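As structure tokens, one chain now follows by itself in the form deposited in one PDB entry.
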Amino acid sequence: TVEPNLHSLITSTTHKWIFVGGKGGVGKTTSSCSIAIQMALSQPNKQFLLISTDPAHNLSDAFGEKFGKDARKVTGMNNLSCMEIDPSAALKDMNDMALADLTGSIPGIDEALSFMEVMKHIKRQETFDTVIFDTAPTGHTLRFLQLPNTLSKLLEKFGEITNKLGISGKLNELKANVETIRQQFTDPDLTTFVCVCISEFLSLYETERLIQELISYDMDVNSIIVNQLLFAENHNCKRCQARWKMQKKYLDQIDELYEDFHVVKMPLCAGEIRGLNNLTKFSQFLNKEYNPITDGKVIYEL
């Protein structure tokens, strides 16, 4: 059967691009920090970068130290770095190196700038060995992941306007770069999308639709983290027991819907999970599955 953990991914020697996504507030940032820590600890000789594409960044807030537009090592890690894409700065730099304010607040500019960052890595490919993306909630991340296509068409159309309105070299460079990205993003050994959800109707239904959308783009998804589980069958109050009954109802559907996926069940801990120490502690259960009987005390150990 399908191991209920991310060990295969954590030990992958092929993946270059790992997206962590799903509904708002389900634990994308927490999980993406966790996966990254596990990858860096499991593969000491490789360099990892965790990039936030959520315009409302939380990497700094989760680790409790200051990251920004320039990649920077996580304090206490030899081989993990974080970057929080900064649009103001990014556009300020473009303006200097060649308005930048007014386009700096245009809806879509965040996804545009995030993708541009991907393009820079590709061009240096020809660094970090693997990039993990802590993505924006579902709706806007799908727009980002549509970019390779949206973009090749826009560039084609842009070239048509130019022919009519009397440079081809740069369009081709741009198009070639987009193509490399599309090729890599649709290669199962190079990129995967790990979904995060909670065991509730709104999250489950959104996760299924997200996954269908991803598969239709030929993006790989083989892993789902189900977060914030109560495991109240393992001194639990009336509220916890009723809520766990709900969680189990959806967990049963999840087990059937995603029987072909790694389904990784993670506990709600007795506090928020912040700082390297606590994130690492939590992260162990992505590698070796949480067992409520034996590991139960860890949720109080923050």
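Definition used throughout: the rigid core is the maximal C-alpha set that superposes within 1.5 Å between two forms. Throughout, we count residues from 1 along the sequence that is shown.
The same protein also exists as the form deposited in another entry; that form is not shown, yet it is the one meant from here on.
- Residue shifts between the shown form and the other one, rigid core superposed: of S203, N227, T141, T192, the only C-alpha displaced by 2 Å or more belongs to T141.
- If you fit the rigid core between the shown form and the other one, you'll see the Cα of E84 move by less than 2 angstroms.
- After superposition on the rigid core, displacement of the C-alpha of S105 between the shown form and the other one amounts to 2 Å or more.
- When two forms of a protein are overlaid on their rigid core, residues whose CA moves 2 Å or more are considered shifted, and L214 is not one of them between the shown form and the other one.
- If you compare C-alpha positions, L91 and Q184 are 3 angstroms or more closer together in the other entry than in the form on display.
- The distance between the CA atoms of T138 and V221 is at least 3 Å longer in the other entry than in the form shown here.
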